[PDB]
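The same protein chain appears twice below, in two forms, each given on its own as C-alpha cells and labelled structure 1 and structure 2.
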Structure 1
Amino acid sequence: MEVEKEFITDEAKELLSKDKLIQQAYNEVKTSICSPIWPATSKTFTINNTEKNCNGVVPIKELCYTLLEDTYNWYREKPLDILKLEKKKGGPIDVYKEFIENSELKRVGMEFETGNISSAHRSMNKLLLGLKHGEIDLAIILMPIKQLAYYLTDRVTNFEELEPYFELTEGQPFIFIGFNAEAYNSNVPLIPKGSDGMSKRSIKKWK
C-alpha cells in the first residue's frame, strides 16, 4: 500500500523534526500502513476496479496490524483511562505504544480507519480526548483516499471527506495519513464482503 495524502499539524511537525522517538514512531507507522498487499500472492496492493464499491474492506487492516504488533511491538485495542477508568464508557483505541529512552517518554495513539466515514470522527475525538487528558503525546489516523475508497464498501473513511475537520485538532500533535493501492485492475480477485448492515445477505426481520 502507499501513502498518497497526508496532513501533519504544526505541533506534530515540530516533534518529527526535533524528536528522534517521534521520528522512529512515525517511521514504524508508515512502514506498517504500506504493508497491506493484494492478493496474498502479490508484493503490492492492487485493487479490483470492476465496479464502484465492488470490494469489501475487512482484510485491508491485517498486515498493518501484524507489523505494528509482531515486529514493532505495538499494543492493540488500548483502553484510555479517561474512557474506561474515569467515565466508564466507550471502547479502546486501535493501537498505542510507548517510545522510551533515558528519562524521555513519548506515547503515541493511533487509529486505522476503514469503517464508515462517521466512525472516523469518533476516532478523531477519542484521540483528541486522549491528547487533552495527557495519555498520548501524538495521535495518528490512517485511512484510504477517495480514489481507493471508490472501489471499497460505500461510505467508508476517505481522507478527503474527513479533511474539512482536520482543523478541529489545532494546538495538538496530530497526523492524518491517506493510503492508496499501487495498481487498479480487474485482473485481481474482489476483496470479499461481509453480510453487515444493508447487505442483501443480512437478516432483515421487517418485510
Structure 2
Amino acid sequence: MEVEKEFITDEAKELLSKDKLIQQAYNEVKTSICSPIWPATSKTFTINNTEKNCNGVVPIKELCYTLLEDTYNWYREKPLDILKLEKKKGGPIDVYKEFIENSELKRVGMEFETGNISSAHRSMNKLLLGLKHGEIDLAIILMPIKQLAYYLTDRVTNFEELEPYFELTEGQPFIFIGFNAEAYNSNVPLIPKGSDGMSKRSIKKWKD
C-alpha cells in the first residue's frame, strides 16, 4: 500500500519536527499502513477493478493491525476515561500506544476507518474528545483515498470526502493519512464481502 495524501495540522507538525517519540509513532504507523498486500503471495497491493464497489473492506486492514499489535506493541480498544468513567456512554478507541523514554511519555490514539464516511466523523469527534480531555497527545485517522474507494464497499470513508472537515481539528495535533493501492487490475481476486471477508485473528486488547 502506498500513502498518497496526508494532512498534518500545524500542531502535529511542530511535534513531528522536535519530538522523537512522536517521530517514532508516525514511523510505526506509516510502515504499518504500507504493509497490506493483495493477494497474499504478492509484494504489492493490487485491487480488482472490474466494477464500482466490487470489493469488501475487511481483509484490507489485517496486515496493518498485525504489525502494530505484534511487532510494534500497540493495543486495541483503549477506552477513554471521559467516556467510560465520567459519561458512562461511548465505546473506545481503535488503536493505542504509550511511548516512553526516561521521563517522557506520549500517548497516541488512532482509528483506521473503513466504515461508512459518516462513521469517520464519529472517530474524529471521539479522538477530538480524548485530545481535549488530555488523554492522548496525538490523534491519527487512516483511510483510503477516493480512487481506491471507488472499488470498495459503497460509501466507505475516503480522504477527499472527510477533507472539508479537517478544519474542525485545528488547535490540536492530528494527522490524516489517505492510502491507495499500488495497482489496479482485473486479474486479481476480489476482496470478499460479508462473513467471508471476516477476520479471524485474536486481537491484542488494552485490557490485557
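Residues that one form lacks are left out of the comparison. Definition used throughout: the rigid core is the maximal C-alpha set that superposes within 1.5 Å between two forms. Numbering for residues begins at 1 and runs along the sequence of structure 1.
K.L.:
For a quick test of reading the superposition: does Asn187 move by 2 Å or more at the CA between the two structures, rigid core aligned?
P.N.:
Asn187: C-alpha displaced by less than 2 Å between the two structures.
K.L.:
Any chance the CA of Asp10 moves 2 angstroms or more between the two structures, core superposed?
P.N.:
Not so; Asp10 is displaced by less than 2 Å.
K.L.:
After aligning on the rigid core, report the distance the C-alpha of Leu83 travels between the two structures, in angstrom.
P.N.:
Residue shift at the C-alpha: 1.0 Å.
K.L.:
With the two forms matched on the core, what distance in Å separates the two CA positions of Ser202 between the two structures?
P.N.:
Reported C-alpha shift between the two structures: 26.0 Å at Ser202.
K.L.:
Looking only at residues found in both forms, which runs of 3 or more have C-alpha shifts of at least 2 Å between the two structures after a core fit?
P.N.:
Residues 195-207 form the sole shifted run.
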